[PDB]
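Heads up, the thing below is written out as structure tokens.
Protein chains: 2
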Amino acid sequence: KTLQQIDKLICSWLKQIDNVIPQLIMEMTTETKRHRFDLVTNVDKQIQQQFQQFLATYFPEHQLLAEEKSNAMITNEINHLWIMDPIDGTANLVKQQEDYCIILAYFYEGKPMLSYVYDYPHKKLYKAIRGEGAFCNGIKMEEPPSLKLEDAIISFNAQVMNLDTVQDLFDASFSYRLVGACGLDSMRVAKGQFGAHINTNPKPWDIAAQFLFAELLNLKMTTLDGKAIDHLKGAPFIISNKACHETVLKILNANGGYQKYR
Amino acid sequence: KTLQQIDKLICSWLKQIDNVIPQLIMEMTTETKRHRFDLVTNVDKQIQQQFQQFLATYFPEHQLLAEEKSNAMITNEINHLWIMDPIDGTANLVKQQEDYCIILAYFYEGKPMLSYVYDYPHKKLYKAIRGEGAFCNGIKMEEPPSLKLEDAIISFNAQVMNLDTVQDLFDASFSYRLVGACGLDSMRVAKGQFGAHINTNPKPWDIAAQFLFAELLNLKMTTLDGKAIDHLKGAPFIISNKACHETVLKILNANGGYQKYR
Ligand SMILES: [Mg+2]
Ligand SMILES: [Mg+2]
Ligand SMILES: [Mg+2]
Ligand SMILES: [Mg+2]
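Residue numbers (the deposited numbering), protein chains in the order written: chain B, 4 to 265; chain A, 4 to 265.
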């Protein structure tokens, strides 16, 4: 069926994008979408429009669900779907020129088959391939050791939570860190550097690649109620070492839950 | 004898410890100090030992103030002084093997002359040399663009301030990130990636190198009351872009200050 051949083409596209991003940065251009903190650049747009055109030339029947376009349009009954976040970490890109990524994920009959989180700034490509595994620049990633929460660093956006449940999380974990790109905080979970990453209101594209990684590396990836996540619509989600999953959810839901209140 | 000859010696020594570090990671052991989360590893100790003997054997008159030994010897009087954080971000080293550095600073008659923040995991050596300037791997750094607080990412430890000032700092700024190693959160401010980094209780080695970087790149580095800092003792401190230093200190000192009880 081979996914290995499709992988080869995706990786070849990613090498071509390597040479293209420098000139996009060279003529960078910033705009805001819904508020002053919601950024898009020509980089985002151009990376996306280019995969779209790659998809049309090499995979004309395949559909695309991507951040910087209408997804009117995508439905529950579609055989070949690619979910794309062309730059996950746009705020990092613009403000830092560091700690953003490209997220790509291919779904066959709803089932994740290929996934890509490309940390362009560090030249590290994490990929996952149903049947072969998950890799970082080609070296095989393995299931990470067990981490109990009290031993684990954790990552979440603390601005978007009430401070009571932020505190309970600080008190229950080893320490707290933030990269600020869902892709990259998730890959830190995947490598056992963090015990868990939480995003309370992610988009489909912000989490699309992670499903396959979570599956192949024996991580947990769920709603904040422990349920399967619909990959088409987002959901408040968590990616977690298996040893600290229930505990984080329990804390998040305790005492009336994690939502702001003021 | 010249500053460049000293610099040449130190980079050379830093670069040769690339070869040592991986072996020490692979045989890594851990101990705690004043509580269970105040970690120290064989890597912290070996790196310090090896520098003390490098100093013994090149600049024998020179003294060493460093984290993993006593520094009862001192006085504002000691002519040639080195301050070293053999591993800044020991928790990160331990939990992640990423986002730690090595901090060195040379002080002649109390005046900063040479500084180093070595980001070993990414092989980025930041140095500062009075007379030549500041550099990352030989690529010269220049004073970063003006950053108002509301357009800038900030970095601090939210577990150790009262949560009202945490909230105000979130509210007033573009966003919050944390690397978790003072030297590295400090280099992100030097590169213009962050508007500011705060550490409410640094030891002298956690901030030694940053004085000169701050001087040469027109950063503001003060206590949380805006005063000069004694390199020999810590103080609660900020390193900041010029355009947001004042606003950040106002926010920290507002309403009885920043500690848990105010
Ligand atoms: Mg966006
Ligand atoms: Mg995006
Ligand atoms: Mg220490
Ligand atoms: Mg240290």
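All C-beta atoms, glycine included, are put in the ideal place defined by N, C-alpha and C.
For this session: Using 7 Å as the cut-off, classify the Cβ of residue 47 of chain A as near or not near the heavy atoms of ligand 4, replying yes or no.
Result: yes
For this session: Closer than 9 Å by beta-carbon distance: list the chain B residues that pair up with residue 37 of chain A, in chain order.
Result: Within chain B, no residue comes near residue 37 of chain A; the closest Cβ sits about 16 Å away, beyond 9 Å.
Problem set entry | Rounded distance between the beta-carbons of residue 186 of chain B and residue 106 of chain B, thought under 8 Å | 5 Å
For this session: Please compile the residues from chain B whose C-beta is within a distance smaller than 9 Å of the C-beta of residue 179 of chain A.
Result: 160, 161, 162, 181, 183
Exercise. What does residue 94 of chain A reach in chain B if we use C-beta pairs closer than 7 Å?
Worked result: 178
For this session: May I ask whether a heavy atom of ligand 2 can be found less than 7 Å away from the beta carbon of residue 90 of chain B?
Result: yes
Exercise. Can you tell me the Cα-Cα spacing of residue 200 of chain A and residue 84 of chain B, whole angstroms?
Worked result: 42 Å
For this session: Would you decide whether residue 147 of chain B is buried or exposed? Buried here means 16 or more other CB atoms lie within 10 Å of its CB.
Result: buried
For this session: Using a Cβ-Cβ cut-off of less than 8 Å, list which residues of the stretch 204–223 of chain B approach chain A; keep chain order.
Result: none
Exercise. Grouping DSSP H, G and I as helix and E and B as strand, with all else coil, what is residue 66 of chain B?
Worked result: strand
For this session: Flag residue 127 of chain A as yes if its beta-carbon sits less than 8 Å from any beta-carbon of chain B, otherwise no.
Result: no
Problem set entry | Cβ-based neighbour list, residue 36 of chain B, same chain, cut-off 8 Å, excluding 5 preceding and 5 following | 42, 43
For this session: Just the chain A side, please: which residues come within less than 9 Å of residue 101 of chain B by C-beta, in chain order?
Result: 191, 194, 196
For this session: Mind reading off the beta-carbon distance from residue 21 of chain A to residue 130 of chain A? Whole number of angstroms is fine, and I expect it under 8 Å.
Result: With 8 Å as the limit, residue 21 of chain A and residue 130 of chain A do not qualify as a contact, their Cβ atoms being about 15 Å apart.
Exercise. Taking residue 132 of chain A as the reference, which of A:64, A:125, A:109, A:242 has the closest Cα?
Worked result: A:109
Exercise. Is it true that the CB of residue 99 of chain A sits closer than 8 Å to the CB of residue 173 of chain B?
Worked result: no
For this session: Step through the CB atoms of chain B and report whether any lies within less than 8 Å of the CB of residue 98 of chain A.
Result: yes
For this session: Identify every run of the alpha helix (DSSP H) within the stretch 145–217 of chain A, keeping only runs that are complete inside it and at least 4 residues long; order them along the chain.
Result: 166–175, 185–193, 207–210
Exercise. Start and end of the alpha helix (DSSP H) containing residue 57 of chain B?
Worked result: 45–61
Exercise. Mind pulling the chain B residues with CB within less than 8 Å of residue 166 of chain A?
Worked result: 166, 169, 170
For this session: Tell me, please, whether the stretch 219–239 of chain A touches the stretch 148–159 of chain A by the rule of three or more beta-carbon pairs shorter than 8 Å.
Result: no
Exercise. Would the C-beta of residue 218 of chain B count as close to ligand 2, meaning under 7 Å from any of its heavy atoms?
Worked result: no
For this session: Anything in the stretch 235–265 of chain A with a Cβ closer than 9 Å to a Cβ of chain B? List those residues in chain order, please.
Result: none
Exercise. Is there contact here, the stretch 208–227 of chain B with the stretch 242–252 of chain B, by at least three beta-carbon pairs under 8 Å?
Worked result: yes
Exercise. What is the DSSP secondary structure of residue 261 of chain A, reduced to helix, strand or coil?
Worked result: coil
Exercise. Is the Cβ of residue 156 of chain B closer than 8 Å to any Cβ of chain A?
Worked result: yes
Problem set entry | Residues of its chain near residue 143 of chain A, where Cβ-Cβ distance is below 8 Å and the 5 sequence neighbours each way are ignored | 136, 137
Exercise. For ligand 4, is there a heavy atom less than 7 Å away from the beta-carbon of residue 80 of chain A?
Worked result: no
Problem set entry | Proximal residues of chain B, C-beta to C-beta of residue 62 of chain A below 7 Å | In chain order: nothing, as chain B lies at least about 35 Å away.
For this session: State the DSSP-derived secondary structure class of residue 128 of chain B, mapped to helix, strand or coil.
Result: strand
Problem set entry | heavy atom of ligand 1 below 7 Å from residue 102 of chain B C-beta | no
Exercise. Residue 23 of chain B and residue 96 of chain B: beta carbons closer than 8 Å?
Worked result: no
For this session: Determine the DSSP secondary structure at residue 80 of chain A, reduced to helix, strand or coil.
Result: coil
For this session: If I'm right that residue 102 of chain B touches residue 113 of chain B with Cβ under 8 Å, what's the distance once you round it to whole angstroms?
Result: Going by Cβ atoms, the distance from residue 102 of chain B to residue 113 of chain B rounds to 31 Å, so no, they are not a contact pair.
Problem set entry | Within chain B, partners of residue 173 of chain A - CB distance below 8 Å | 161, 162
Exercise. In terms of residue numbering, what span does the beta strand (DSSP E) encompassing residue 21 of chain B cover?
Worked result: No beta strand (DSSP E) holds residue 21 of chain B; the alpha helix (DSSP H) holding it covers 6–29.
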